[PDB]
$ cat upload-v2.tsv   # TSV, N, CA and C atoms
chain	number	residue	atom	x	y	z
A	2	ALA	N	133.46	166.15	120.64
A	2	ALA	CA	134.86	166.27	120.27
A	2	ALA	C	135.02	167.15	119.04
A	3	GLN	N	135.04	168.46	119.24
A	3	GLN	CA	135.29	169.40	118.16
A	3	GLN	C	136.73	169.87	118.26
A	4	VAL	N	137.53	169.54	117.25
A	4	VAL	CA	138.94	169.87	117.23
A	4	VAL	C	139.14	170.96	116.19
A	5	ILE	N	139.80	172.05	116.59
A	5	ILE	CA	140.01	173.14	115.66
A	5	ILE	C	141.34	173.00	114.95
A	6	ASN	N	142.27	172.26	115.54
A	6	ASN	CA	143.64	172.33	115.07
A	6	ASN	C	143.85	171.49	113.82
A	7	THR	N	142.86	170.68	113.45
A	7	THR	CA	142.95	169.85	112.25
A	7	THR	C	141.57	169.40	111.80
A	8	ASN	N	141.29	169.57	110.52
A	8	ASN	CA	140.07	169.08	109.90
A	8	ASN	C	140.42	167.87	109.05
A	9	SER	N	139.56	166.86	109.07
A	9	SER	CA	139.88	165.62	108.38
A	9	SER	C	138.91	165.28	107.25
A	10	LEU	N	137.73	165.90	107.22
A	10	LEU	CA	136.86	165.71	106.06
A	10	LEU	C	137.42	166.38	104.82
A	11	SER	N	138.10	167.51	105.00
A	11	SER	CA	138.67	168.21	103.86
A	11	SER	C	139.67	167.33	103.12
A	12	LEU	N	140.49	166.58	103.85
A	12	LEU	CA	141.48	165.73	103.21
A	12	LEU	C	140.82	164.58	102.46
A	13	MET	N	139.86	163.92	103.11
A	13	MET	CA	139.13	162.85	102.45
A	13	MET	C	138.52	163.34	101.15
A	14	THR	N	137.96	164.55	101.16
A	14	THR	CA	137.38	165.06	99.93
A	14	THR	C	138.44	165.40	98.90
A	15	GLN	N	139.55	165.99	99.34
A	15	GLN	CA	140.61	166.34	98.40
A	15	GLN	C	141.07	165.14	97.60
A	16	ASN	N	141.17	163.98	98.24
A	16	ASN	CA	141.62	162.81	97.50
A	16	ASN	C	140.67	162.47	96.35
A	17	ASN	N	139.36	162.60	96.58
A	17	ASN	CA	138.41	162.19	95.56
A	17	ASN	C	138.45	163.12	94.35
A	18	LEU	N	138.70	164.40	94.57
A	18	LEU	CA	138.87	165.32	93.46
A	18	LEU	C	140.01	164.88	92.55
A	19	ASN	N	141.16	164.56	93.15
A	19	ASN	CA	142.28	164.04	92.37
A	19	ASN	C	141.90	162.78	91.63
A	20	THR	N	141.09	161.91	92.24
A	20	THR	CA	140.70	160.69	91.55
A	20	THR	C	139.93	161.00	90.27
A	21	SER	N	138.97	161.92	90.33
A	21	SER	CA	138.19	162.25	89.13
A	21	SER	C	138.97	163.03	88.08
A	22	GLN	N	139.90	163.87	88.53
A	22	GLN	CA	140.59	164.81	87.67
A	22	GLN	C	141.47	164.11	86.64
A	23	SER	N	141.72	162.81	86.80
A	23	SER	CA	142.51	162.05	85.84
A	23	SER	C	141.65	161.39	84.77
A	24	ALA	N	140.49	160.87	85.15
A	24	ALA	CA	139.56	160.35	84.16
A	24	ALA	C	139.14	161.45	83.20
A	25	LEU	N	138.95	162.66	83.73
A	25	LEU	CA	138.64	163.77	82.83
A	25	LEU	C	139.75	163.96	81.80
A	26	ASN	N	141.01	163.93	82.25
A	26	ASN	CA	142.14	164.14	81.34
A	26	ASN	C	142.20	163.08	80.26
A	27	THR	N	142.04	161.82	80.63
A	27	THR	CA	142.15	160.76	79.63
A	27	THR	C	141.05	160.89	78.58
A	28	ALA	N	139.83	161.20	79.02
A	28	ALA	CA	138.76	161.37	78.04
A	28	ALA	C	139.05	162.54	77.11
A	29	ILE	N	139.51	163.66	77.66
A	29	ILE	CA	139.79	164.84	76.85
A	29	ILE	C	140.81	164.51	75.77
A	30	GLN	N	141.89	163.85	76.17
A	30	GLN	CA	142.94	163.50	75.22
A	30	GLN	C	142.41	162.60	74.12
A	31	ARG	N	141.64	161.58	74.49
A	31	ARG	CA	141.19	160.64	73.47
A	31	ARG	C	140.22	161.29	72.49
A	32	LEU	N	139.45	162.28	72.94
A	32	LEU	CA	138.59	163.00	71.99
A	32	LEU	C	139.39	163.94	71.10
A	33	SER	N	140.41	164.59	71.64
A	33	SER	CA	141.16	165.54	70.83
A	33	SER	C	141.97	164.84	69.75
A	34	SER	N	142.61	163.71	70.08
A	34	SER	CA	143.55	163.11	69.12
A	34	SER	C	142.83	162.27	68.08
A	35	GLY	N	142.02	161.32	68.51
A	35	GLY	CA	141.35	160.42	67.61
A	35	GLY	C	141.69	158.95	67.76
A	36	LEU	N	142.61	158.59	68.66
A	36	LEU	CA	142.97	157.20	68.89
A	36	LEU	C	142.93	156.92	70.38
A	37	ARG	N	142.72	155.65	70.72
A	37	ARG	CA	142.66	155.27	72.13
A	37	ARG	C	144.00	154.81	72.66
A	38	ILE	N	144.92	154.40	71.80
A	38	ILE	CA	146.23	153.95	72.25
A	38	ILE	C	147.28	154.99	71.90
A	39	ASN	N	147.50	155.94	72.81
A	39	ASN	CA	148.37	157.07	72.54
A	39	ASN	C	149.76	156.89	73.11
A	40	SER	N	150.00	155.82	73.86
A	40	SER	CA	151.29	155.61	74.51
A	40	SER	C	151.41	154.14	74.86
A	41	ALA	N	152.65	153.71	75.13
A	41	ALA	CA	152.84	152.36	75.65
A	41	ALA	C	152.29	152.24	77.06
A	42	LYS	N	152.00	153.37	77.69
A	42	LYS	CA	151.36	153.36	79.00
A	42	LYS	C	150.00	152.69	78.94
A	43	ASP	N	149.44	152.58	77.74
A	43	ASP	CA	148.02	152.29	77.63
A	43	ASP	C	147.78	150.82	77.28
A	44	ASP	N	148.58	150.26	76.38
A	44	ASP	CA	148.47	148.85	76.02
A	44	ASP	C	149.80	148.40	75.44
A	45	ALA	N	150.53	147.57	76.20
A	45	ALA	CA	151.91	147.28	75.85
A	45	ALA	C	152.03	146.53	74.52
A	46	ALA	N	151.17	145.54	74.29
A	46	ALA	CA	151.31	144.71	73.10
A	46	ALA	C	150.52	145.25	71.92
A	47	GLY	N	149.46	146.00	72.20
A	47	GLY	CA	148.68	146.58	71.12
A	47	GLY	C	149.47	147.55	70.28
A	48	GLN	N	150.32	148.35	70.93
A	48	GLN	CA	151.15	149.28	70.18
A	48	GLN	C	152.08	148.52	69.24
A	49	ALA	N	152.68	147.44	69.73
A	49	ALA	CA	153.57	146.66	68.89
A	49	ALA	C	152.83	146.09	67.69
A	50	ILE	N	151.64	145.54	67.92
A	50	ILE	CA	150.95	144.88	66.82
A	50	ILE	C	150.49	145.90	65.78
B	349	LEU	N	154.87	155.54	26.38
B	349	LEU	CA	155.64	156.32	27.34
B	349	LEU	C	154.75	157.28	28.09
B	350	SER	N	153.78	157.89	27.40
B	350	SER	CA	152.87	158.80	28.07
B	350	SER	C	152.10	158.08	29.17
B	351	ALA	N	151.60	156.88	28.86
B	351	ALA	CA	150.87	156.12	29.86
B	351	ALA	C	151.72	155.84	31.08
B	352	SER	N	152.97	155.41	30.87
B	352	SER	CA	153.82	155.05	32.00
B	352	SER	C	154.16	156.26	32.87
B	353	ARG	N	154.49	157.40	32.25
B	353	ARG	CA	154.74	158.59	33.05
B	353	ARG	C	153.49	158.99	33.82
B	354	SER	N	152.32	158.84	33.20
B	354	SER	CA	151.08	159.13	33.88
B	354	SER	C	150.93	158.27	35.13
B	355	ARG	N	151.23	156.98	35.00
B	355	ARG	CA	151.22	156.09	36.16
B	355	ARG	C	152.15	156.59	37.25
B	356	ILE	N	153.29	157.15	36.87
B	356	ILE	CA	154.22	157.65	37.88
B	356	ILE	C	153.65	158.86	38.60
B	357	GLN	N	153.15	159.85	37.85
B	357	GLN	CA	153.06	161.20	38.39
B	357	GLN	C	151.65	161.65	38.78
B	358	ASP	N	150.60	161.00	38.31
B	358	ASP	CA	149.25	161.52	38.46
B	358	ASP	C	148.75	161.43	39.90
B	359	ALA	N	147.76	162.27	40.20
B	359	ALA	CA	147.12	162.32	41.50
B	359	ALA	C	145.72	161.78	41.39
B	360	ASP	N	145.36	160.87	42.29
B	360	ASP	CA	144.00	160.38	42.34
B	360	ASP	C	143.11	161.42	43.01
B	361	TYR	N	141.80	161.27	42.88
B	361	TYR	CA	140.92	162.27	43.45
B	361	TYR	C	140.05	161.73	44.58
B	362	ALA	N	139.59	160.49	44.45
B	362	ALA	CA	138.80	159.89	45.51
B	362	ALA	C	139.53	159.93	46.84
B	363	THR	N	140.79	159.50	46.84
B	363	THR	CA	141.56	159.46	48.08
B	363	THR	C	141.69	160.85	48.67
B	364	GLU	N	141.87	161.86	47.82
B	364	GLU	CA	142.08	163.21	48.32
B	364	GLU	C	140.81	163.79	48.91
B	365	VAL	N	139.66	163.52	48.29
B	365	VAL	CA	138.40	163.97	48.89
B	365	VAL	C	138.22	163.32	50.25
B	366	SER	N	138.50	162.02	50.34
B	366	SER	CA	138.37	161.34	51.62
B	366	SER	C	139.27	161.97	52.67
B	367	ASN	N	140.52	162.26	52.31
B	367	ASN	CA	141.45	162.86	53.26
B	367	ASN	C	140.98	164.24	53.68
B	368	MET	N	140.45	165.02	52.74
B	368	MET	CA	139.99	166.36	53.07
B	368	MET	C	138.84	166.32	54.08
B	369	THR	N	137.89	165.40	53.87
B	369	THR	CA	136.78	165.27	54.81
B	369	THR	C	137.27	164.84	56.19
B	370	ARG	N	138.12	163.81	56.22
B	370	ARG	CA	138.69	163.35	57.47
B	370	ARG	C	139.39	164.48	58.21
B	371	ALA	N	140.12	165.33	57.48
B	371	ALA	CA	140.86	166.39	58.14
B	371	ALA	C	139.94	167.48	58.65
B	372	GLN	N	138.87	167.79	57.92
B	372	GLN	CA	137.96	168.84	58.38
B	372	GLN	C	137.25	168.43	59.67
B	373	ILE	N	136.73	167.21	59.71
B	373	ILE	CA	135.97	166.78	60.88
B	373	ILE	C	136.83	166.88	62.13
B	374	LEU	N	138.06	166.38	62.04
B	374	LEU	CA	138.94	166.30	63.20
B	374	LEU	C	139.34	167.69	63.67
B	375	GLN	N	139.56	168.60	62.73
B	375	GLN	CA	139.84	169.99	63.08
B	375	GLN	C	138.69	170.59	63.86
B	376	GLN	N	137.46	170.35	63.40
B	376	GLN	CA	136.29	170.90	64.09
B	376	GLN	C	136.17	170.35	65.51
B	377	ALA	N	136.31	169.03	65.65
B	377	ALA	CA	136.22	168.43	66.97
B	377	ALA	C	137.29	168.97	67.90
B	378	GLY	N	138.52	169.12	67.40
B	378	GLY	CA	139.58	169.65	68.22
B	378	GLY	C	139.28	171.05	68.71
B	379	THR	N	138.74	171.89	67.83
B	379	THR	CA	138.40	173.24	68.24
B	379	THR	C	137.37	173.23	69.37
B	380	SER	N	136.31	172.42	69.22
B	380	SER	CA	135.29	172.36	70.26
B	380	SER	C	135.87	171.90	71.59
B	381	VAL	N	136.64	170.81	71.57
B	381	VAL	CA	137.13	170.24	72.82
B	381	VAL	C	138.17	171.15	73.46
B	382	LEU	N	138.92	171.90	72.66
B	382	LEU	CA	139.85	172.87	73.23
B	382	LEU	C	139.10	173.96	73.97
B	383	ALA	N	138.01	174.46	73.39
B	383	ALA	CA	137.19	175.41	74.14
B	383	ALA	C	136.74	174.80	75.45
B	384	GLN	N	136.28	173.55	75.39
B	384	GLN	CA	135.76	172.88	76.58
B	384	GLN	C	136.83	172.78	77.66
B	385	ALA	N	138.05	172.39	77.27
B	385	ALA	CA	139.13	172.18	78.22
B	385	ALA	C	139.63	173.50	78.80
B	386	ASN	N	139.74	174.53	77.97
B	386	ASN	CA	140.05	175.85	78.50
B	386	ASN	C	139.02	176.26	79.53
B	387	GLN	N	137.79	175.79	79.39
B	387	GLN	CA	136.75	176.18	80.32
B	387	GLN	C	136.81	175.43	81.65
B	388	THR	N	137.93	174.77	81.99
B	388	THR	CA	137.89	173.84	83.12
B	388	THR	C	138.24	174.50	84.45
B	389	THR	N	139.02	175.58	84.44
B	389	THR	CA	139.66	175.98	85.69
B	389	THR	C	138.89	177.05	86.46
B	390	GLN	N	137.69	177.42	86.03
B	390	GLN	CA	137.03	178.56	86.66
B	390	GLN	C	136.52	178.21	88.04
B	391	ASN	N	136.13	176.95	88.25
B	391	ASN	CA	135.43	176.57	89.46
B	391	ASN	C	136.29	176.77	90.70
B	392	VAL	N	137.60	176.93	90.50
B	392	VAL	CA	138.48	177.21	91.63
B	392	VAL	C	138.02	178.46	92.36
B	393	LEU	N	137.62	179.48	91.60
B	393	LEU	CA	137.33	180.79	92.19
B	393	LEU	C	136.19	180.71	93.20
B	394	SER	N	135.14	179.96	92.87
B	394	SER	CA	134.02	179.82	93.79
B	394	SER	C	134.47	179.25	95.13
B	395	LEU	N	135.53	178.46	95.12
B	395	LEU	CA	135.94	177.76	96.33
B	395	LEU	C	136.40	178.75	97.40
B	396	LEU	N	136.78	179.95	96.99
B	396	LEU	CA	137.34	180.91	97.92
B	396	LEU	C	136.23	181.48	98.79

$ encode --input "upload-v2.tsv" --output "structure tokens"
Amino acid sequence: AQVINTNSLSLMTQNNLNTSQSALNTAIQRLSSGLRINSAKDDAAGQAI
Amino acid sequence: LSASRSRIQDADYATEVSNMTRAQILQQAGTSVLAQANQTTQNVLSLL
């Protein structure tokens, strides 16, 4: 069963790239700024305290 | 009166040295990581 009209491994792989591409971003930001809690997105009560 | 005005206006030095060191280190790290991040998008080209 070789189908030319659609490839499905490419999509499965594309998702994993997006998964990694966000961990890279968070690490980059935390190294550039100097703090781990840069937004309320990160720890709701820690920012308040 | 001289003593009291001194208390108002003088600058400490220990704190300033500490701040200068803190600021230098962070500037250096930022420069390195900015180079690193700019270096991120090249791998797209190989994909072609």

$ closest_atom_pairs --input "upload-v2.tsv" --of "chain B" --to "chain A" --cutoff "8 Å" --atoms "only N, CA and C atoms" --output "CSV"
residue,atom,partner,partner_atom,distance
B:374,C,A:33,C,7.2
B:377,C,A:33,CA,5.9
B:378,CA,A:33,CA,5.1
B:379,N,A:33,CA,7.4
B:381,CA,A:33,CA,6.5
B:382,N,A:33,CA,7.0
B:385,CA,A:29,CA,7.5

$ atom_distance --input "upload-v2.tsv" --atom1 "CA of residue 49 (chain A)" --atom2 "atom C of residue 27 (chain A)"
21.3 Å

$ select_by_dssp --input "upload-v2.tsv" --residues "chain B" --states "alpha helix (DSSP H)" --output "number ranges by chain"
B: 350-357, 362-386, 391-394

$ atom_distance --input "upload-v2.tsv" --atom1 "atom N of residue 45 (chain A)" --atom2 "CA of residue 31 (chain A)"
16.3 Å

$ build_atoms --input "upload-v2.tsv" --residues "region 14-28 of chain A" --atoms "N, CA, C and O atoms" --output "short mmCIF file (atom, residue, chain, number, x, y, z; two decimals), in the frame of the given file"
data_model
loop_
_atom_site.label_atom_id
_atom_site.label_comp_id
_atom_site.auth_asym_id
_atom_site.auth_seq_id
_atom_site.Cartn_x
_atom_site.Cartn_y
_atom_site.Cartn_z
N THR A 14 137.96 164.55 101.16
CA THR A 14 137.38 165.06 99.93
C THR A 14 138.44 165.40 98.90
O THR A 14 138.27 165.11 97.72
N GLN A 15 139.55 165.99 99.34
CA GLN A 15 140.61 166.34 98.40
C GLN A 15 141.07 165.14 97.60
O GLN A 15 141.34 165.27 96.41
N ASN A 16 141.17 163.98 98.24
CA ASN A 16 141.62 162.81 97.50
C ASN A 16 140.67 162.47 96.35
O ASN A 16 141.10 162.11 95.24
N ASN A 17 139.36 162.60 96.58
CA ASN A 17 138.41 162.19 95.56
C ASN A 17 138.45 163.12 94.35
O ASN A 17 138.27 162.67 93.20
N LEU A 18 138.70 164.40 94.57
CA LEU A 18 138.87 165.32 93.46
C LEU A 18 140.01 164.88 92.55
O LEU A 18 139.86 164.84 91.33
N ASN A 19 141.16 164.56 93.15
CA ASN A 19 142.28 164.04 92.37
C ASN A 19 141.90 162.78 91.63
O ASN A 19 142.34 162.59 90.50
N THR A 20 141.09 161.91 92.24
CA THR A 20 140.70 160.69 91.55
C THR A 20 139.93 161.00 90.27
O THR A 20 140.21 160.42 89.21
N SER A 21 138.97 161.92 90.33
CA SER A 21 138.19 162.25 89.13
C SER A 21 138.97 163.03 88.08
O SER A 21 138.73 162.86 86.86
N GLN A 22 139.90 163.87 88.53
CA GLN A 22 140.59 164.81 87.67
C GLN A 22 141.47 164.11 86.64
O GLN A 22 141.90 164.75 85.68
N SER A 23 141.72 162.81 86.80
CA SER A 23 142.51 162.05 85.84
C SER A 23 141.65 161.39 84.77
O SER A 23 142.06 161.32 83.60
N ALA A 24 140.49 160.87 85.15
CA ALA A 24 139.56 160.35 84.16
C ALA A 24 139.14 161.45 83.20
O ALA A 24 139.02 161.22 81.98
N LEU A 25 138.95 162.66 83.73
CA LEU A 25 138.64 163.77 82.83
C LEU A 25 139.75 163.96 81.80
O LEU A 25 139.48 164.11 80.60
N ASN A 26 141.01 163.93 82.25
CA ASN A 26 142.14 164.14 81.34
C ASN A 26 142.20 163.08 80.26
O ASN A 26 142.41 163.40 79.08
N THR A 27 142.04 161.82 80.63
CA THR A 27 142.15 160.76 79.63
C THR A 27 141.05 160.89 78.58
O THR A 27 141.30 160.73 77.38
N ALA A 28 139.83 161.20 79.02
CA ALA A 28 138.76 161.37 78.04
C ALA A 28 139.05 162.54 77.11
O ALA A 28 138.85 162.44 75.89
#
